[PDB]
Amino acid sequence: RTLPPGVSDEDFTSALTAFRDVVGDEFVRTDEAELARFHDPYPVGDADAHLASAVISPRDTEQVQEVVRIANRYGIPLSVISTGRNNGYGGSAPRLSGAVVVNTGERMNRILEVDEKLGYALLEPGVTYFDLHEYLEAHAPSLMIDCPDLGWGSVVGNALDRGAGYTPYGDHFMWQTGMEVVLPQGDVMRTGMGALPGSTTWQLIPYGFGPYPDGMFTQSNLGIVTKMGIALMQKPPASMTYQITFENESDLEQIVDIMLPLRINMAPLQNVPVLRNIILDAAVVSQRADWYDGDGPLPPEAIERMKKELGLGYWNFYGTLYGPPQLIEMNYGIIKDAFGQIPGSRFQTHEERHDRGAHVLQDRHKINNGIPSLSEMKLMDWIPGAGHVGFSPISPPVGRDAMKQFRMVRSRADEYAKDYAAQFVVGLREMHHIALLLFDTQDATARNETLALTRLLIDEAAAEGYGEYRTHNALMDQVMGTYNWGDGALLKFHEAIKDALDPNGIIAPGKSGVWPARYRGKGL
């Protein structure tokens, strides 16, 4: 029977009773079959790391406060999910193995308010991108969401891990406006203009008066968020999505150097541009076995067969244009002129291309217009038992940096028997190298190889000045360990704040490598 670390069988029995006394017997789950549902689907080390001792589903803010107070009484560590679909980063699994999962999304799943004219929503954690899309289409159709690739995630949960989408509102944390948060001893606070009783402005300016705190609750164990506002973009009058195929792996350098000047002013590259390699485009519409059934990495002739059969390049650029048709034509003209300088570049619109090779184009056209999709889950059929772990370091949006990272990561992936499926994404002034490290989750050796590969990728990236933005439970200590300027000054600051707010060391211990005192330096 899984016990939280540092809690006696007796204290755990007492805590479960107290939790049931608040949320109801139905909403305290301890059966192995119910706990198995919160397993990381894509485990990277031992599959048995990151287990839940229980899952608690509080009805509302008041119940969150009371479960937090009970946790403080009995020293119960509590991890937190909204929808818990953080796949690539641990799913719903706690960093601290044996923690009790607070499932905020199961019961706190209401769209509390949508203002169509001022363009915002006030939301609870259980609202999925599908849920909010459905609500806006029925009740506020001039607005659109900004969604990640998969719509089953939480508008709140994704933003609290600083996740991202691909519309002009792609930076989810940027558009987060106002929070209600239960602090680690059970006090509730509203941020920003929400701290002013009766304010009408909670969702229209992020800051409020005095220190601005909301960011301290993102990639954070300082609070359980119960309500979160987000700004919503107005649907433009029209949109068009285009694909640019580039023949040569060496085109990456010139693509990035043309991309930056066209994105940095948010026009003509109006949405978040993505540059996907042949493998993460081919893997949506085909299986690895379709191209190659030998052992070792995919040979060049397998890559060439994918390009030819599917009509794709080694690098595949996807962008969306918004506005009246005259603006779209004009901006597309500038884009075609700029990227057309690259020999072998080919341009297709979402209304021009409708074949197997256009599947990603049509999906990006949904995503880039705030229409949520689960099409990208087909990537997980590339190989049997496929799982991914996220690797997404930040670099300057400079072709030379792109080429260095492309070569560094692919050569290590080849060495560790993992296919090189990756994209380069430029937000505004920053570049992300998002590598989908696909592995057989059912194979202990493949899980070990993926963990070893990722630790090596993080260290080599950090040595080049490229820090990881978001990581898996298994990598959080290592990634925080790379941000050790001033003899670990950033982590010492985080620890000082964690220990002051959370003296009993209750909320999601080890999230982002930040351990409260009672669990720190204990090797977990």
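Counting begins at 1, following the sequence as shown.
Averaging the C-alpha B factors as listed in the entry, name the stretch that ends up higher: 288-296 or 213-221.
-> Mean CA B-factor is higher for 288-296.
Decide which of the stretches 97-105 and 132-140 has the higher mean C-alpha B-factor, going by the entry.
-> According to the entry, 132-140 carries the higher average C-alpha B-factor.
Out of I205, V155, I342, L122, which one has a C-alpha B factor higher than all the others in the entry?
-> Checking the PDB record, the top C-alpha B-factor among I205, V155, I342, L122 is at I342.
With respect to the C-alpha temperature factors reported in the PDB entry, which of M174, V127, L160, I328 ranks highest?
-> In this record, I328 carries the highest C-alpha B-factor of the candidates.
Can you work out whether the C-alpha temperature factor of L436 puts it in the lowest, middle or highest third of the chain?
-> Highest third - that is where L436 ends up once the chain's C-alpha B-factors are sorted.
Among all modelled residues of this chain, ranked by Cα B factor, put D477 in the bottom, middle or top third, i.e. lowest, middle or highest.
-> According to the entry, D477 has a C-alpha B-factor in the chain's lowest third.
CA B-factor placement of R412, once the chain's modelled residues are sorted into thirds | It belongs to the middle third of the chain when residues are ordered by C-alpha B-factor.
C-alpha B factor of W485, ranked within the chain: lowest, middle or highest third?
-> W485: CA B-factor falls in the lowest third of its chain.
Check where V425 lands among this chain's C-alpha B-factors and tell me if it's the lowest, middle or highest third.
-> Middle third - that is where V425 ends up once the chain's C-alpha B-factors are sorted.
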